[PDB]
Structures are given as C-alpha cells and as structure tokens.
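Remarks on the structure that follows.
Labels below follow one simple rule: chain letters A, B, ... track the order of the sequence lines, proteins then strands, and each chain is numbered from 1. In listed order, ligands and their atoms are each counted from 1.
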Number of protein chains: 6
Amino acid sequence: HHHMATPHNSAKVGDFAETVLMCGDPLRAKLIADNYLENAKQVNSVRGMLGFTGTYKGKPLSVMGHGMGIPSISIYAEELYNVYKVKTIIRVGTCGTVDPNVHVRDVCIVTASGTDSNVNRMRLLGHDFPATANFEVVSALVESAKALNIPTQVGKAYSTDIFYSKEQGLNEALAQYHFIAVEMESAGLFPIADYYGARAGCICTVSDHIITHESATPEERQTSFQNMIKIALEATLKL
Amino acid sequence: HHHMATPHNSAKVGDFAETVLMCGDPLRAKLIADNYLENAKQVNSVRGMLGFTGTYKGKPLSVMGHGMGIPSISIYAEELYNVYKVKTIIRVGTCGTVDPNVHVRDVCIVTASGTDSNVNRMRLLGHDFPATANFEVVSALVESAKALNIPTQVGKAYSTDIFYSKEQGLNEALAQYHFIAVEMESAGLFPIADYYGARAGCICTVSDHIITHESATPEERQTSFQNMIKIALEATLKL
Amino acid sequence: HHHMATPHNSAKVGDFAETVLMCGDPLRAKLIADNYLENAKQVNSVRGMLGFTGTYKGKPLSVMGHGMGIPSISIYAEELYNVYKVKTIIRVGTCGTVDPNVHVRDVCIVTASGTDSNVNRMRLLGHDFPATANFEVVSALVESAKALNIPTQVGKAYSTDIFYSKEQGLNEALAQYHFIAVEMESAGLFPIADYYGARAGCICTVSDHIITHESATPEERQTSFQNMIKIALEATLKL
Amino acid sequence: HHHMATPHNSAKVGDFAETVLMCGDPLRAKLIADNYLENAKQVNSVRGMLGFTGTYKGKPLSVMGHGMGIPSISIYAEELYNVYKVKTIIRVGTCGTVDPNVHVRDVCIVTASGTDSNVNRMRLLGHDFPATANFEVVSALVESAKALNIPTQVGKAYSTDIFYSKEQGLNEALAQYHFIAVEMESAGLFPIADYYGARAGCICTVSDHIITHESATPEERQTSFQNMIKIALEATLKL
Amino acid sequence: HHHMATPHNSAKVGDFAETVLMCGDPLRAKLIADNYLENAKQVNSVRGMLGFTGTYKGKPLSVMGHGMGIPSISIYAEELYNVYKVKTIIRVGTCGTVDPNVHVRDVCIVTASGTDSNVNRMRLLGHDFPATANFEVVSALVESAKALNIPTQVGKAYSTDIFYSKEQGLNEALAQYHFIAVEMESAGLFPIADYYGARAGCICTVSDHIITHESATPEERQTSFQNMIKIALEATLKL
Amino acid sequence: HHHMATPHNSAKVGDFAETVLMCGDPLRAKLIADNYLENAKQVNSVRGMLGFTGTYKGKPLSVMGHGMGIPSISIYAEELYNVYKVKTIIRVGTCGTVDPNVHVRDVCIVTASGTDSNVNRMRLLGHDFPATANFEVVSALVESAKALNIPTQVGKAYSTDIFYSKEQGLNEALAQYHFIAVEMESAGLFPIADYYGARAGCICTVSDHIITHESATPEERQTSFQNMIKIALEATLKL
Ligand SMILES: Nc1ncnc2c1ncn2[C@@H]1O[C@H](CO)[C@@H](O)[C@H]1O
Ligand SMILES: Nc1ncnc2c1ncn2[C@@H]1O[C@H](CO)[C@@H](O)[C@H]1O
Ligand SMILES: Nc1ncnc2c1ncn2[C@@H]1O[C@H](CO)[C@@H](O)[C@H]1O
Ligand SMILES: Nc1ncnc2c1ncn2[C@@H]1O[C@H](CO)[C@@H](O)[C@H]1O
Ligand SMILES: Nc1ncnc2c1ncn2[C@@H]1O[C@H](CO)[C@@H](O)[C@H]1O
Ligand SMILES: Nc1ncnc2c1ncn2[C@@H]1O[C@H](CO)[C@@H](O)[C@H]1O
Ligand SMILES: [Cl-]
Ligand SMILES: [Cl-]
Ligand SMILES: [Cl-]
Ligand SMILES: [Cl-]
Ligand SMILES: [Cl-]
Ligand SMILES: [Cl-]
C-alpha cells in the first residue's frame with residue numbers, strides 16, 4: 001500500500017515536472033521515457049496508466065498516458081494541473097483525417113478542437129465554448145517543426161466520444177469546414193488548462209484517411225511518431 | 001508484430017468466451033483472472049488493457065479491463081460484441097452514492113443508467129434513450145446475491161463524463177430521484193448490447209458517500225470486491 | 001358540490017388502496033373493477049376519469065383511468081402518490097411494436113421507457129434520466145406470467161407525445177435497439193414514483209405491428225387483455 | 001361493436017360540423033351541448049371523451065372534450081382536421097395566471113402559446129415554431145366580447161406538460177414577459193391547424209392566480225364560464 | 001463630440017416619439033422621413049444608422065434604421081423602449097416567401113415569428129417563447145389596409161440568423177405550416193416589447209419567392225413599399 | 001439604378017482586394033480608408049455599409065463595415081469570400097473584457113471565439129464547432145505588434161447575440177476560463193472562411209471592463225484604435 005495523492009495517480013506531489021507530454025497509450029509513454037528522457041523514473045502505475053519524470057536536454061519533463069476519450073483525459077489532466085501544479089501539457093497522439101488535402105503520415109498541430117461531447121457546454125451555461133490551444137504552445141510546435149524541416153498541417157481537430165461512428169453526414173461536414181484531425185481527447189484538455197490558468201496544445205500524426213481508406217503501415221507509424229515526438233520535445237524547450 | 005483483429009485488441013477471433021466480465025482497471029482484471037479463473041490465458045495486452053479467457057466452475061468466461069469513461073468502454077464493448085461475438089457482458093465496478101439510504105460497502109445492481117453524455121441521444125434521433133440492463137442479467141445477479149446471503153441495492157445508476165464535478169444541484173437531484181450509484185461507464189454499455197441483440201448488466205460496490213464523505217478503507221474495498229465478484233461469477237453460470 | 005381533495009379527483013383521502021392499476025381508458029377501468037374486484041366502489045368521476053377501490057383475492061386494490069399522454073398520467077399519478085399515499089402503481093395498457101420478433105397479441109413487461117418528452121430532462125438538470133420500472137414490480141409481473149404459463153417479452157418501451165408520427169427514421173432506430181413497445185405514458189410515470197420513494201411498473205399488449213401493419217381484431221384484443229390483466233392482478237398479491 | 005373511423009372516435013365521417021368547440025373536460029362538453037346547442041346528438045363516446053353535433057343559432061356546430069395535455073389534444077384535433085374535415089376549432093378552457101394585472105375570473109383570448117413540450121421543435125427542424133392562433137379567429141372572439149360588453153385580456157398563453165411544476169424561476173419569467181394564461185393544450189392545437197391549412201384559436205377564464213393564491217369559487221367559475229362560452233358561441237357565427 | 005445617451009444612438013432623451021417605424025436600411029428610413037414626415041429632424045447618425053423624428057398627419061412619429069439580424073434590432077429596440085421611453089414600434093420591411101399561395105409584391109402582416117436564434121430560449125428557461133405581435137398593432141395594420149383597399153396576408157414569419165441558408169428541408173417545413181414571410185428581425189423585436197410592457201408589430205412586402213424564383217423588379221419594389229408604408233403610417237394614427 | 005452583384009453590395013466583381021479589413025461601424029471604415037489607404041475608391045454604399053478599395057504600402061487592400069451581430073457579418077463576409085473572391089479577412093473592432101488581468105485599452109488578438117448563437121451548431125450536425133482563427137493570420141498580427149513594440153493579449157473571444165445581457169453567471173464563467181474579449185461577430189466570421197477554404201482573424205481593443213466598470217475615454221479609444229489598426233495593416237503585408 002502506497003499513499004494516493006489522487007484516486008488515479010500514486011505519484012507524490014512534486015513528482016511531475018511543470019511540462020508534461022501525454023499520449024493515450026501508456027506503453028507509448030514508456031517508450032518515450034525510455035528513448036528520449038534522461039534522469040527518468042516511473043512515478044505512476046495505477047490502473048496501468050504509466051507515467052514518468054526525467055529531463056529532455058536537461059529541462060524537467062514528464063510523460064504519461066491519458067487513456068481513450070474525453071472523460072479519461074479529463075481525470076488525468078485535471079489532477080496534473082490541480083494537484084501536481086503542472087503548467088503545460090502537450091498531447092501527442094494519432095488521428096484520422098477526412099480533409100482532401102491531408103494525407104496519411106502528416107503531422108497536424110491543433111489550434112482548436114470541436115466535439116460531440118457535452119463537457120464544454122456544461123462549463124459555459126450551455127453555450128459554445130471553443131476548446132482552444134494556447135498560442136505560445138502552438139507557436140512552439142510550429143517553430144520546432146520548421147527548425148527540423150518537418151512539414152506540418154495547422155488547424156482544427158474534432159474530438160469524438162464515438163470511435164465507431166454510425167453518423168451519416170459527419171465526415172462530409174468535417175471535410176467541408178477543413179477539420180484536419182479526428183481524435184477523441186483534445187477538446188477535453190484545452191478547457192481544463194483554461195480553468196487552471198495553464199497551457200495546453202496537441203500534435204498528432206495521421207494514421208488513416210477516413211475517406212480514401214489509406215492507412216499507415218506499422219513502420220510508417222513509427223517514422224511518423226519519431227517526427228512528431230521530436231517536434232514536441234524540442235517545443236518543450238521553449239515552454 | 002502480431003495481427004490486430006481490432007485497433008485496440010490483439011486477441012484472435014474466438015479468443016473471448018461468450019460471457020465477459022469487465023472492470024475499469026486492467027490490473028483488477030488480472031486479479032480476477034489469477035484468483036477466480038481456471039484454464040486462464042492472457043488474450044490482450046494492447047494499451048495495457050489486459051484481458052484474459054478461462055473458465056469459472058467449468059464454464060467459459062473472459063475478463064478484461066475497459067478503462068475510464070463512456071468513450072473507452074464503448075470501444076472495447078463494441079469490439080467484443082461485434083468482432084468477438086460476445087453475448088453477455090457484466091460490468092463489475094466501484095461507484096459513489098448520494099442516496100441517503102445507501103451506504104459505503106453496499107453492493108448495487110444496476111437496472112438502468114442516466115448520463116450527461118450525448119452518445120444515446122445520437123442513437124435515437126435526439127430523444128431520451130434509457131440505457132437499460134437486460135432483465136435476465138439483473139435477475140441472475142439478484143438471485144446469485146440471495147443465494148450467497150449478500151444484501152443488495154437494486155436501482156438506477158448515473159454515468160457521468162466528469163469525475164471532478166463542478167455542477168451545482170446535481171447531487172440533490174440524483175438523491176431526490178433515488179439514483180443509487182454514480183460511475184462513468186454503464187450508460188455507454190447497455191445501448192451497444194441492444195444494437196447487437198446481446199445482453200449487458202452492471203454490479204458495483206460503493207467506495208464513497210458523496211454527501212456524508214464516508215469512504216471505504218483499502219481492506220473494506222477488498223472485502224466489498226470479494227462479495228461483488230462472487231455474485232457476478234455465480235451469475236455467469238445462469239447466463 | 002363535493003369536496004375536492006385535488007382539482008382532478010373527488011376521492012376522499014384514504015379512498016385509494018396502496019396498490020393501483022391504471023389504464024388510459026376510464027371505461028376499461030370500469031370493466032376491470034366490474035369483472036375482477038370485490039367490495040368495489042367508485043371513488044372518482046371528475047372529468048369522466050373513473051376510478052374504483054375494492055379488493056382482489058382479499059387484498060386492497062384500486063383501478064383508475066389515466067387518460068392519454070405523459071401530461072395526463074403525470075397529473076393523476078402525482079396526486080395518487082402525494083395526496084392519496086399510494087405505494088405501487090402498475091400501468092396496464094396497449095401498445096404498438098416495431099421489433100421484428102415481437103408480434104400482435106404479445107404481452108410486454110416494461111423495464112424502462114424512452115421518450116420524446118422534455119419532462120425528465122427538466123428533472124435532472126437537462127441530462128438523460130432513464131424512466132425505469134421498479135425491479136420488484138417487474139419481477140412480480142414476470143413471475144406471475146410464468147405461473148400462469150403466459151409468454152412475455154421483457155424490455156424497453158418508448159413513450160411518445162405524438163400518436164400521429166411524421167418522423168422519418170424513428171421506427172428504424174426503435175427497431176435497431178430492440179424497443180419492444182410504443183405507447184404514450186410510462187416514461188412519465190416512473191420518475192414520479194422515484195420522486196415519492198414509491199414503485200411503478202407497466203405491462204402492455206401489442207395491438208398493432210407498426211412495420212408489418214398486422215392488427216389485432218376486437219376479440220383478439222379482449223383475449224390479450226384477459227391475459228395481461230390476470231398477470232397484473234396476480235402480481236399485485238406479491239407487492 | 002361499431003365501426004371506428006379513428007382509434008379514438010366512433011363518430012362517422014360527416015358527423016362533425018366544420019366548426020368545433022373543444023374543452024378538456026368531456027362532462028363540460030356535455031353541459032355545453034345540453035344548454036347551448038339545438039338539433040344536438042352525441043357522436044362520440046370512446047374513452048368517455050364525449051362529443052356532440054348540433055347547431056347554435058341555426059349554424060352547424062360541434063363540441064367535444066380533448067382531455068388534458070398536448071398529446072391528448074393532438075390526437076383529437078389531428079383526427080378532427082384530417083378525418084372529419086373540420087375547418088375551425090376554438091379551445092374553450094380554464095387557466096391560471098401569473099401576470100400582475102390579470103385577475104381571477106378574467107377572460108383571456110390567446111394570440112400565441114409558448115410551451116415546454118418538444119412537439120413544435122420536431123415540426124420545424126429543431127427551431128422555434130410559434131404556436132399562433134389564426135387572426136380571423138382571434139378577431140371574431142375579440143369582436144364578440146365587445147358586442148357582449150365583456151372585458152377581455154388578449155395575449156400569450158403558456159402550455160405546460162407539467163401541472164405540478166417544481167421549476168424555480170418559471171413564474172417570474174412568465175410574468176416578466178406578460179404571459180396572461182397558463183394552461184396545457186393550446187400550443188399543441190395551433191400547429192396542427194397550420195398543417196391542415198385550417199384555423200384555430202383559444203379562449204380561457206382565469207381560475208387561479210398562481211402568485212397571489214386567489215382562486216375562483218365554484219359559482220364564480222360558473223359565471224366566468226357563462227361569459228366565455230357566450231363569447232365563443234357568438235364568434236362561431238362569424239367563422 | 002456629442003453626448004451619447006446610448007453607445008449606439010446620439011439622440012437626446014425625449015428626441016424619439018412614442019411611436020417609431022423601423023426598417024433595416026437606414027437609407028430607407030431617410031426616404032420615409034423625407035417623403036412622409038413633417039416637422040422632421042435627424043436625431044441619430046451613429047454608425048450611419050439614421051433616425052428621424054417628426055409628425056405624420058400631426059401625430060408625433062419617428063423612423064429609424066435597425067440594421068440586419070436579430071442582434072442588431074435587439075440593440076436598437078432595447079434602447080428605444082428603455083432609454084427613449086418608446087411605446088410602439090412597427091417594423092416595416094421586406095421578406096421572401098415559400099408559401100404556395102403568397103406572391104411577390106404581397107403585403108404580409110405578421111402575427112408571430114419563429115426563429116433559429118437562441119435569444120428567446122434564453123429568456124424563458126430554455127423553453128419555447130413565441131415572438132408574438134401585439135394584437136392592437138396587428139389589428140391597426142389590418143384595418144388600415146382594408147380602408148386603403150390594399151389586400152394583405154396575415155400570419156407567421158420566420159426570422160433567420162442565416163440569409164445564405166444551406167439547410168435541407170427548411171423551406172419545405174416552412175411551407176407545410178404556412179409561414180408567409182422569411183426575414184431576419186421580427187422574432188427579436190417582439191419579446192423586447194414584452195419585457196418593457198410595450199407594443200410591437202411587423203409588416204413586410206414580398207420581394208422574392210424562394211421556391212418559384214420570382215423576384216420583384218426595382219419599380220415593383222417601390223410600388224410595394226408605397227402600399228406598405230401607407231398602411232403602416234395610417235396604422236400609427238390608431239396607436 | 002446600378003447593377004447589384006449581391007443584394008447588399010453594389011461593388012462590381014473584382015472591386016475588392018484579396019485582403020479585407022472589416023469593422024462594425026461603416027463610418028470607421030471610411031476613417032480607415034481616408035487615413036491609411038492610397039489609391040482609394042468607394043466601392044459600396046448599399047444600406048450605408050461603406051466599403052473602399054485601395055492599397056496599403058502598395059499592396060491591394062479593402063476595408064468595409066460589417067454592421068452589428070453574427071447575422072450581419074455573415075451576410076457581408078459570405079458575399080466577400082464567395083462573390084468577390086476574397087482570400088483573407090481581418091476583423092478590427094472593439095470589445096469588453098471580464099478577465100481580471102485584461103485592462104481597458106489592451107489590444108486583444110483572437111485565436112477562437114465562443115458564442116450563444118446557433119449558427120455553428122447548424123453547420124456541424126448540432127455539435128460543437130470551434131470558430132477558430134487561421135494560424136497564419138494570428139501569427140501575422142502577433143509578429144506585427146511585436147515589431148511595433150505594442151503589447152497584446154492573445155486568446156479566446158466570446159461573440160454574443162445579446163449586447164444587453166440579463167444572464168446570471170455568464171461573466172463569472174467567461175472569467176473562470178479566461179475569455180479575454182466580449183464582442184458580437186467573430187464567431188460568425190471564422191466558420192465562413194473555413195467553408196470557402198479561406199482565412200480570417202480578429203483583433204480588438206478593450207473599450208470597457210465589464211466587471212470593474214472602467215471605460216476608455218474618447219481620446220483613449222482613438223489612441224487604442226491607432227495602435228490596433230497599425231498592427232492590422234502591417235499584418236496584411238504578410239498575408
Ligand atoms: N479515426 C480516429 N477516430 C478517433 N480516434 C482516433 C482515430 N485515429 C486515431 N485516434 C486516436 O487513437 C485512439 C483510438 O484508437 C483515441 O484515443 C484517439 O485519440
Ligand atoms: N464517485 C465516482 N464518480 C465517478 N466515477 C466513479 C466514482 N466512484 C467510482 N467510480 C468509478 O471509478 C472510476 C473513477 O475513479 C470510473 O471508471 C467509475 O466507473
Ligand atoms: N402505436 C401506438 N402509439 C402510441 N400509443 C399507443 C399505440 N398503441 C397503443 N397506444 C396506447 O393507446 C393510446 C393511443 O391510442 C395511448 O394512451 C397509448 O398508451
Ligand atoms: N394553473 C394551471 N396550470 C395548468 N393547466 C391549468 C391551470 N389552470 C387550469 N388549467 C387547465 O385545466 C387542466 C388542468 O387542471 C388543463 O387541461 C389546463 O388546460
Ligand atoms: N429571403 C430573405 N431572407 C432573409 N431576409 C430577407 C429576405 N428577404 C428580405 N429579407 C430582409 O432583408 C434583409 C436581407 O436582405 C434582412 O434584414 C431581412 O429582414
Ligand atoms: N461589451 C460588449 N459587448 C458586446 N459587443 C461589444 C462590446 N464592446 C464592444 N462591442 C462591439 O461593438 C458593438 C456593440 O457596441 C458590437 O458590434 C461588438 O462587436
Ligand atoms: Cl498513443
Ligand atoms: Cl476496476
Ligand atoms: Cl386502456
Ligand atoms: Cl374544461
Ligand atoms: Cl429596409
Ligand atoms: Cl467599428
């Protein structure tokens with residue numbers, strides 16, 4: 001038995017750096033820690049949601065899984081900003097796309113995310129609350145990719161509660177308004193950062209084209225991940 | 001590299017029994033498999049969402065984690081009913097309560113679950129779709145608890161997208177209408193079972209009283225879990 | 001002029017038994033009283049909404065009409081639970097079906113009911129509140145039918161505000177999720193029972209198949225009614 | 001057994017006049033027929049919802065009950081306009097008021113009615129559809145009252161699904177915007193008339209002041225009814 | 001620099017008559033003042049939203065532009081009723097029609113207006129609040145047109161936020177329920193008049209048939225305007 | 001009579017530059033043209049909504065008024081992107097603030113805007129569609145202000161339909177989530193730019209603090225405008 005600072009995290013207060021990368025898959029958090037962090041230690045194991053704290057090029061940085069969907073990321077991110085006093089979270093993830101000019105393996109930097117969730121209406125008296133990335137975070141990601149000579153798409157994501165969509169007309173509307181990424185979490189992250197006066201952003205790589213059916217192979221997903229994670233890590237040095 | 005029957009599950013088709021217990025914590029799925037299943041093998045490890053298949057008293061039974069929140073359980077349960085041809089899922093979990101006559105450590109058998117999610121409105125043209133447990137599953141749980149001489153509360157749950165509620169008046173309304181359990185998943189499970197012509201139910205133990213602040217100790221949670229899991233396992237023999 | 005305990009009911013306080021059967025048609029309430037109750041007297045005549053109190057096999061039991069639609073049943077049931085101190089109401093009625101495996105003359109026992117009404121959103125801060133039958137009532141109906149060797153369908157109803165639907169896609173969605181009964185009242189009854197800490201359920205017979213156009217003849221409806229009413233009356237002895 | 005032109009009305013096609021008065025209480029429909037119609041016959045008895053056809057000052061006129069709430073009036077009025085080819089319906093009823101300048105026993109002529117029902121959103125793609133009385137009907141009622149030297153209030157009603165309101169702030173908002181009548185049916189009637197290219201209106205007498213608690217005695221309600229019904233009957237001669 | 005009684009109006013308190021005509025185009029307000037008012041002076045120039053006060057046949061009358069859309073008219077009308085103590089506003093405007101029996105150049109007198117705006121839900125606890133014209137204003141317009149031997153259509157308008165509609169099925173629904181006018185402002189005006197215990201109405205001429213594509217020429221629009229404005233001006237003498 | 005390329009704009013096709021500044025007040029559009037454009041000509045006068053085309057530092061640039069509210073800007077911007085083939089619109093405006101760390105006279109660069117309008121739900125199947133500024137436009141504004149040594153706040157706006165708010169709790173929620181600007185138009189502009197594959201942004205100066213009641217004097221508003229307009233004009237050179 002270990003003391004629980006939250007119901008979902010065994011990390012002691014202070015065990016997270018002020019900057020955190022989060023991905024849905026805890027096993028990918030372990031890969032990031034093992035391959036890009038120094039001075040690294042595991043700080044959470046509860047529910048298998050592995051989290052780690054170390055340094056990247058000398059600067060404190062943590063990485064942790066967030067699970068799948070808005071309710072899951074909301075738990076972990078609320079706790080990080082509130083209990084662990086985190087200042088900046090960058091979600092690093094994968095996505096689909098419907099946009100005719102976005103392609104599998106593209107890196108997408110998210111400026112804002114729509115959603116079919118109610119969580120943001122509940123925060124703003126039932127109205128439209130845009131889940132919006134912090135501009136300094138977006139800019140740090142854009143500038144890092146430029147320095148690395150990695151092309152990026154910059155624009156809106158759509159965070160759905162329903163991976164297995166049965167919704168006629170959704171993809172056509174997303175394409176009409178040039179949503180570049182379809183995922184399940186960023187729309188929950190950004191308003192929590194707002195609540196705490198903190199910062200958040202998101203960068204994702206396109207695994208699948210929802211319209212054309214193109215799909216990245218395992219090796220292509222690894223290469224896309226290597227590009228995206230390097231962009232995110234370099235961006236943390238400016239944040 | 002192993003073949004992926006779904007993006008979230010490495011189990012081969014046929015590797016799940018027709019009856020599955022699901023809990024949010026994959027580490028608890030491992031505990032259930034290790035302590036109550038025979039002939040057991042691990043069938044999924046993707047994203048750390050451990051799943052296992054074996055037998056309970058000779059009858060095929062699987063157990064797998066579902067993560068936290070409606071979007072997460074919806075992925076895993078949709079795949080189980082669709083790809084893995086599962087017929088019955090019983091969610092085994094923990095919950096809070098606001099009801100003045102429900103107490104920490106009580107076992108709650110869920111007949112239906114409300115929610116603040118939009119996922120069920122999207123299935124029924126925007127209207128009210130009650131997430132309803134299958135009657136044979138509810139009855140099997142009730143009868144199993146009676147045979148084990150374990151008291152149970154039977155009634156409505158509320159599945160929220162937001163663990164860290166800031167919503168004035170919610171607890172008072174839940175208490176006024178005698179919702180017995182507050183959790184985050186059952187309202188997503190029951191309509192998916194309906195879609196596939198299959199069966200689902202839920203049983204949970206009260207970890208915390210949201211109004212009085214009472215909270216079960218670690219040992220009390222283990223004892224509550226032992227009672228609940230025995231009820232669920234015995235119920236599978238009738239399903 | 002007689003004293004009015006409510007605006008809609010001339011019955012004196014105490015004139016209703018603790019258990020009440022309700023049907024939409026007051027003339028059917030009279031038929032039930034005349035043919036199944038002993039010690040019977042008429043206790044309400046206001047607005048022609050006939051109600052009666054007597055005994056069934058020695059146990060106090062009332063029967064009263066509720067009119068058509070959620071607003072009408074809500075008036076009468078609110079008054080019965082509040083002013084008349086009723087503990088259990090079973091709605092006995094007729095319904096349509098869209099389910100491919102439910103047939104005209106089938107008896108349907110309702111576990112929960114969806115709706116296109118707003119009345120339940122208004123009770124739960126705008127969220128999804130499942131109108132859910134009390135489990136002891138459902139079980140009493142199921143067990144009574146078993147003892148009488150009368151087959152039953154057990155599952156969800158849909159209570160609509162609009163008998164003359166013009167809504168494209170509604171029947172297809174109801175069938176997809178295996179709603180077994182289409183009626184106009186149960187979704188209003190169950191939450192009122194919850195408010196008063198009381199019990200409610202519903203049993204109905206299929207008069208019409210909405211998809212195939214099959215329709216029960218007058219004699220077939222009488223036979224279906226005889227089966228359903230015997231199930232309900234026998235269930236009251238266990239409640 | 002008699003032939004049923006609708007499920008809810010035994011009247012033969014042609015048995016209703018082109019102009020119909022409707023009130024919620026079928027016993028009040030009988031009173032109107034017995035005391036104001038000549039050449040009168042009963043044309044419906046189904047569900048006790050008495051309806052009658054005769055003449056008023058030589059002009060064909062019917063009167064029938066509509067029950068309580070939007071779903072109930074919608075059934076009866078849809079059938080009258082569709083199957084029975086009715087051209088004009090005037091609802092004659094009772095109401096409460098919250099307006100500080102409207103008093104018990106006042107006669108209210110309704111120009112439009114708000115509602116907490118969804119039935120009108122479902123007709124207009126989810127938008128705001130005002131349930132609006134036909135201007136010729138409103139004018140006929142206003143002019144008839146003037147000729148009879150009976151004062152009237154003219155303005156908005158609010159048709160609620162919930163007689164037993166628990167809704168904080170509703171009465172204050174209704175008063176702020178000068179809603180003059182609170183009832184349960186007119187918002188369902190007016191859009192059905194629109195659908196059929198037909199005409200509808202409503203006139204009501206104030207039985208109760210919801211804010212001040214004033215309430216009309218039985219004799220006062222009879223006098224108010226006599227004034228209102230004379231206005232409505234005289235208006236039919238101009239319609 | 002001049003003193004600003006509101007942020008949007010340089011008129012001094014008292015500079016508006018108690019009766020005001022409003023049209024969307026400020027240049028049309030100038031035309032009305034120049035051609036129909038005596039004793040006229042310009043009282044507002046802010047944002048180019050020209051307004052004027054004078055007399056029509058000796059009776060004080062003002063005319064001012066309101067801009068396009070509900071938010072714009074709401075600003076100007078709120079200020080007129082609140083700060084300038086106006087008692088009656090008649091909107092004079094142009095509209096489209098979808099109704100099969102309404103034709104280009106027809107004069108439409110509005111009894112109530114639907115909308116796709118949220119502004120009226122926000123006033124009535126989320127419910128349906130009909131934007132309803134004052135009956136004395138409607139009657140004054142109807143009677144004035146009769147005296148001038150100018151035919152009129154009397155009925156519902158629809159005030160949309162979106163001139164360039166992309167909404168499948170909207171026109172068909174508007175036609176089904178006999179909405180006679182499509183415009184962008186009246187649904188915002190009527191509830192503001194209600195709030196202040198004041199009066200409002202609307203009269204419009206059909207510029208375009210949305211279904212048949214017929215369109216009035218410039219000269220035809222001038223003739224339609226001459227008919228409509230004479231009706232409105234004569235109506236002010238009765239208000 | 002002049003030919004009308006749209007119902008609201010007399011400009012000939014080609015008469016607008018590919019880059020346009022828009023402000024609500026047409027008289028302010030004239031001031032911008034008169035004081036910052038060369039080669040300038042007036043291209044629209046319809047409804048007094050003055051628009052002009054010229055050059056800024058040699059680069060083609062137009063400026064036009066947009067009126068007040070989402071419906072008004074939607075008309076003008078839809079036409080500019082569609083008929084006039086405009087590629088970039090920057091809204092230049094004024095706003096209020098509720099944020100405790102934003103002050104009167106501050107320049108706010110908008111990354112996204114929330115709203116109480118329905119126009120964006122209607123574009124995305126009823127879901128949350130974030131009205132999001134184009135990143136290149138935001139960056140051009142940020143970089144221009146940096147080069148001019150003018151401090152800026154960068155973050156979310158809220159576009160309301162209701163200038164005269166009566167909404168309890170709105171300001172507290174806006175402050176809790178650090179909305180920096182309250183205005184009435186940007187949430188309508190950004191999705192129209194998306195539809196056309198074009199670009200939009202917004203920059204505003206704080207005229208009033210809604211919480212503290214501080215208010216900029218006329219001279220202070222002129223100085224704030226001079227700073228903001230110089231930022232916007234310099235940004236057009238990079239777009
Ligand atoms: N097409 C997609 N739809 C939804 N989520 C996706 C998609 N592609 C990748 N994801 C991401 O991966 C998970 C689902 O496999 C989610 O957590 C989500 O963020
Ligand atoms: N009070 C609670 N509120 C929400 N979820 C709860 C609560 N107590 C236990 N849970 C369950 O445990 C997880 C949150 O800790 C969720 O998956 C949920 O099912
Ligand atoms: N197909 C149906 N749709 C709605 N209500 C029905 C249907 N069949 C029977 N009913 C019941 O009978 C009445 C309508 O005839 C309602 O009170 C309802 O409960
Ligand atoms: N205060 C009230 N609230 C709702 N309905 C009322 C009220 N007063 C009278 N009525 C009318 O009478 C019935 C309720 O008693 C309804 O049919 C309704 O039309
Ligand atoms: N078809 C139409 N749709 C919307 N508004 C219209 C229409 N025809 C005329 N209008 C009116 O003119 C303006 C739009 O050109 C709006 O202010 C509105 O009141
Ligand atoms: N506090 C405010 N609320 C709303 N709009 C504002 C505010 N301050 C400035 N504006 C802007 O000025 C106009 C209202 O005066 C609107 O067009 C809007 O963009
Ligand atoms: Cl991941
Ligand atoms: Cl668990
Ligand atoms: Cl019945
Ligand atoms: Cl009545
Ligand atoms: Cl105009
Ligand atoms: Cl401006």
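C/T115 places no side-chain N or O within 3.5 Å of a backbone atom of B/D128 that could act as its donor or acceptor partner.
In this structure, B/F163 and B/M68 have side chains that are not in contact, with every pair of non-hydrogen atoms separated by 4.5 Å or more. The side-chain heavy atoms of C/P191 and C/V119, taken from C-beta on, include no pair separated by under 4.5 Å.
Only the side chain of C/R91 comes within 4.0 Å of ligand 3, judged by heavy-atom distances. Under 4.0 Å from ligand 3, not a single heavy atom of D/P7 appears.
Atom 13 (C) of ligand 3 has its closest protein heavy atom at D/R47 NH2, 3.7 Å. Counting protein heavy atoms only, atom 15 (O) of ligand 3 is closest to D/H8 NE2, 2.6 Å. What sits closest to atom 5 (N) of ligand 3 on the protein, heavy atoms only, is C/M184 CG, 3.3 Å. Atom 7 (C) of ligand 3 has C/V182 O, 3.6 Å as its closest protein atom, hydrogens excluded (heavy atom only). What sits closest to atom 11 (C) of ligand 3 on the protein, heavy atoms only, is C/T94 O, 3.4 Å.
For C/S224 and C/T205, the side-chain atoms include no donor-acceptor pair closer than 3.5 Å. Side-chain contact annotation: B/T217 with B/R105, donor-acceptor N/O pair under 3.5 Å absent. Counting only N and O atoms by type, the side chains of B/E185 and B/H66 include no donor and acceptor under 3.5 Å apart.
Note on ligand 3: C/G96 sits in its first shell, one or more heavy atoms being nearer than 4.0 Å.
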Could you check C/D99 against C/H178 for side chain to side chain donor-acceptor pair (under 3.5 Å), going step by step and ending with a plain yes or no?
CA-CA 6 Å; C/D99 190 280; C/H178 299 288; 2.9 Å; yes

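Among the atoms of C/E185, some N or O lies under 3.5 angstrom from an N or O of ligand 3.
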